[PDB]
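Participant: The structure's right below; bear with me while I get my questions together.
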Amino acid sequence: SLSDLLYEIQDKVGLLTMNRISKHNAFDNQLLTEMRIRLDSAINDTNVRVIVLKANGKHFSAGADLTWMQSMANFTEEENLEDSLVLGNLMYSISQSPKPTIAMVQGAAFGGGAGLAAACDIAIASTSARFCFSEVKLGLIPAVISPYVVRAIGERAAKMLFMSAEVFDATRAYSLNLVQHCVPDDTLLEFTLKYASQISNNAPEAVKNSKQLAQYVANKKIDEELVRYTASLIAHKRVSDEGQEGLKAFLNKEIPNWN
């Protein structure tokens, strides 16, 4: 049985569940390779609109797997490059998903696991969740996760937390925008499934286009060129089949055909 990483689809939501309960989902290249494959499947499955990364057991990910760490300590630089590109490709693939991505975090998310929350569009934490970029304690650096963390929480906060390796709680992760929702422990799953379903029931092209739009306008000069571009984008969407359906459904008080 393939039991380390579970994959199922519910109501247009693809759910990847880290399931190394006894090892607290501690990362190694094997688990991360499984994640890459399942993520690729979900991204390419027309039956999936929203992707959720979640975990069973006490912790989202307690850190790095101890067997893997001993192996990695003996790697050459070239072997380390290959190994690091497993996480590197996973995080890149998450960030490149045209579909909405959500991380659901309970307990500890230490190291790579904290990075997964940053790579996803949205992260939802239970009140008891805790985060840490622990690498400097080992004489290492959080290199692979850093672009995603710096994007999510900003250079100032990221620099602090990388240098200190301090543990920060779910409230702190929320105030820093690493997570956007902080919800009761015993209903984390229920909240997440409902929230993902709500996004999956919005107009699917509009949702994907809105993701692309936010990404595109970010850090561009707000000039007349950009204004004209944005106006043409909505003009095109209004006459699209989906936009016309959405408007008709709203004006007639009927259910849109994408649901």
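Letters A, B, ... go to the chains of the structure tokens in the order shown; residues in each chain start at 1; ligands are counted from 1 in the same order.
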Sorted by chain and rising residue number, list the residues of segment 117-175 of chain A at most 7 Å from segment 182-196 of chain A (counting only C-alpha atoms), each with its closest atom pair and distance in Å to one decimal, as JSON lines.
Facilitator:
{"residue": "A:124", "atom": "CA", "partner": "A:182", "partner_atom": "CA", "distance": 6.0}
{"residue": "A:125", "atom": "CA", "partner": "A:182", "partner_atom": "CA", "distance": 4.9}
{"residue": "A:126", "atom": "CA", "partner": "A:185", "partner_atom": "CA", "distance": 4.8}
{"residue": "A:127", "atom": "CA", "partner": "A:184", "partner_atom": "CA", "distance": 5.7}
{"residue": "A:128", "atom": "CA", "partner": "A:185", "partner_atom": "CA", "distance": 6.6}
{"residue": "A:170", "atom": "CA", "partner": "A:182", "partner_atom": "CA", "distance": 6.7}
{"residue": "A:174", "atom": "CA", "partner": "A:182", "partner_atom": "CA", "distance": 6.8}
Participant: When DSSP is applied to the backbone of this structure, which of segment 5-245 of chain A are assigned strand (DSSP E or B)? Write them out as JSON, numbers by chain.
Facilitator: {"A": [5, 6, 7, 8, 9, 10, 13, 14, 15, 16, 17, 18, 27, 50, 51, 52, 53, 54, 55, 61, 64, 101, 102, 103, 104, 105, 108, 109, 110, 122, 123, 124, 125, 126, 130, 131, 132, 167, 168, 169, 181, 182, 183]}
Participant: Those same residues, written as a PDB file, in the first residue's frame with C-alpha atoms?
Facilitator:
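Below you can see out35.pdb, which holds the result:
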ATOM      1  CA  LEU A   5       1.159  10.300   0.865  1.00  0.00           C
ATOM      2  CA  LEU A   6      -2.572  10.026   0.269  1.00  0.00           C
ATOM      3  CA  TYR A   7      -4.342  11.521  -2.740  1.00  0.00           C
ATOM      4  CA  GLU A   8      -8.082  11.907  -3.302  1.00  0.00           C
ATOM      5  CA  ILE A   9     -10.535  14.202  -5.089  1.00  0.00           C
ATOM      6  CA  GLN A  10     -13.701  15.551  -3.399  1.00  0.00           C
ATOM      7  CA  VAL A  13     -10.819  19.697  -4.650  1.00  0.00           C
ATOM      8  CA  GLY A  14      -7.635  17.604  -4.967  1.00  0.00           C
ATOM      9  CA  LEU A  15      -6.355  16.656  -1.520  1.00  0.00           C
ATOM     10  CA  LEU A  16      -2.728  15.618  -0.920  1.00  0.00           C
ATOM     11  CA  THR A  17      -2.268  14.331   2.624  1.00  0.00           C
ATOM     12  CA  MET A  18       1.142  13.718   4.202  1.00  0.00           C
ATOM     13  CA  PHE A  27      10.893  15.392   5.084  1.00  0.00           C
ATOM     14  CA  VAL A  50      -8.454  23.624  -6.160  1.00  0.00           C
ATOM     15  CA  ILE A  51      -5.470  21.834  -4.600  1.00  0.00           C
ATOM     16  CA  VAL A  52      -5.028  21.315  -0.845  1.00  0.00           C
ATOM     17  CA  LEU A  53      -1.823  20.164   0.863  1.00  0.00           C
ATOM     18  CA  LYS A  54      -2.553  18.831   4.347  1.00  0.00           C
ATOM     19  CA  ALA A  55      -1.294  16.318   6.877  1.00  0.00           C
ATOM     20  CA  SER A  61       6.050  18.505   9.310  1.00  0.00           C
ATOM     21  CA  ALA A  64      13.865  16.677   8.317  1.00  0.00           C
ATOM     22  CA  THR A 101      -3.324  26.113  -3.875  1.00  0.00           C
ATOM     23  CA  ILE A 102      -4.016  25.886  -0.132  1.00  0.00           C
ATOM     24  CA  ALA A 103      -1.799  24.614   2.702  1.00  0.00           C
ATOM     25  CA  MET A 104      -3.593  23.357   5.833  1.00  0.00           C
ATOM     26  CA  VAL A 105      -1.226  23.401   8.812  1.00  0.00           C
ATOM     27  CA  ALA A 108       4.685  21.995  13.933  1.00  0.00           C
ATOM     28  CA  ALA A 109       5.720  23.140  10.452  1.00  0.00           C
ATOM     29  CA  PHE A 110       9.494  23.301  10.846  1.00  0.00           C
ATOM     30  CA  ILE A 122      -3.239  30.453   0.840  1.00  0.00           C
ATOM     31  CA  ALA A 123      -2.297  28.896   4.171  1.00  0.00           C
ATOM     32  CA  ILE A 124      -4.755  28.032   6.933  1.00  0.00           C
ATOM     33  CA  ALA A 125      -3.406  27.228  10.406  1.00  0.00           C
ATOM     34  CA  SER A 126      -4.944  25.750  13.528  1.00  0.00           C
ATOM     35  CA  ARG A 130       3.903  26.603  15.176  1.00  0.00           C
ATOM     36  CA  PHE A 131       6.515  27.511  12.584  1.00  0.00           C
ATOM     37  CA  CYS A 132      10.303  27.664  12.452  1.00  0.00           C
ATOM     38  CA  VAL A 167       9.700  29.360  16.795  1.00  0.00           C
ATOM     39  CA  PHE A 168       6.677  31.520  16.015  1.00  0.00           C
ATOM     40  CA  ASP A 169       3.048  30.706  16.738  1.00  0.00           C
ATOM     41  CA  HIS A 181      -6.695  32.139   8.389  1.00  0.00           C
ATOM     42  CA  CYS A 182      -6.239  30.905  11.938  1.00  0.00           C
ATOM     43  CA  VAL A 183      -9.026  28.579  13.064  1.00  0.00           C
TER      44      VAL A 183
END
Participant: Run DSSP on the backbone and grab whatever in segment 35-114 of chain A lands in alpha helix (DSSP H); send it over as a PyMOL selection string.
Facilitator: chain A and resi 35-44+66-73+77-96+112-114
Participant: Please identify all polymer residues within 10 Å of residue 89 of chain A, counting only C-alpha atoms, omitting same-chain residues fewer than 5 positions from it, and present them as a count of residues only.
Facilitator: 7
Participant: Name all residues at most 10 Å from residue 150 of chain A (count only C-alpha atoms; drop same-chain ones fewer than 5 positions away) and give them as an MDAnalysis selection string.
Facilitator: chainID A and resid 118 145 155:159 178
Participant: Next, dump the selected residues to file, keeping only N, CA and C atoms, as a compact mmCIF listing (two decimals), in the first residue's frame.
Facilitator:
# COMPACT_ATOMS: atom_id res chain seq x y z
N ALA A 118 4.30 28.82 2.53
CA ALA A 118 4.60 30.04 1.78
C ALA A 118 4.46 29.88 0.26
N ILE A 145 13.66 27.40 0.24
CA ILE A 145 12.37 27.97 0.57
C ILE A 145 12.38 29.50 0.58
N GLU A 155 10.91 40.77 3.19
CA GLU A 155 12.33 40.67 3.52
C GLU A 155 12.64 40.90 5.00
N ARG A 156 12.02 41.91 5.61
CA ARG A 156 12.32 42.28 6.99
C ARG A 156 12.04 41.12 7.96
N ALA A 157 10.83 40.56 7.88
CA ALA A 157 10.43 39.50 8.80
C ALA A 157 11.18 38.22 8.48
N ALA A 158 11.35 37.95 7.19
CA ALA A 158 12.03 36.72 6.77
C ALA A 158 13.47 36.72 7.26
N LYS A 159 14.17 37.83 7.05
CA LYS A 159 15.55 37.97 7.49
C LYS A 159 15.66 37.71 9.00
N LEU A 178 2.01 34.93 6.58
CA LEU A 178 2.38 33.57 6.15
C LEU A 178 1.11 32.74 6.06
Participant: Neighbours of residue 237 of chain A within 12 Å (only C-alpha atoms; same-chain residues fewer than 5 positions away dropped), as a VMD selection string?
Facilitator: chain A and resid 203 205 to 207 209 to 210 230 to 232 242 to 247
Participant: Could those selected residues go to a file with C-alpha atoms, as a CSV table (one decimal), in the first residue's frame?
Facilitator:
chain,number,residue,atom,x,y,z
A,203,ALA,CA,-16.3,30.7,-12.0
A,205,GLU,CA,-11.8,30.6,-15.7
A,206,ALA,CA,-12.4,33.9,-13.7
A,207,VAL,CA,-10.6,32.4,-10.6
A,209,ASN,CA,-7.5,34.6,-14.6
A,210,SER,CA,-7.7,36.5,-11.3
A,230,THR,CA,-6.6,46.3,-17.3
A,231,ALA,CA,-9.6,47.8,-19.0
A,232,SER,CA,-9.1,45.6,-22.1
A,242,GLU,CA,-18.2,32.4,-18.8
A,243,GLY,CA,-18.7,36.2,-18.1
A,244,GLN,CA,-21.9,36.2,-20.1
A,245,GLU,CA,-23.2,33.1,-18.3
A,246,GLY,CA,-22.3,34.6,-14.9
A,247,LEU,CA,-24.1,37.9,-15.7
Participant: Find, counting only C-alpha atoms, the residue in A:60, A:229, A:162, A:148 that gets nearest to residue 93 of chain A.
Facilitator: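 Of all the options, A:148 lies closest to residue 93 of chain A.
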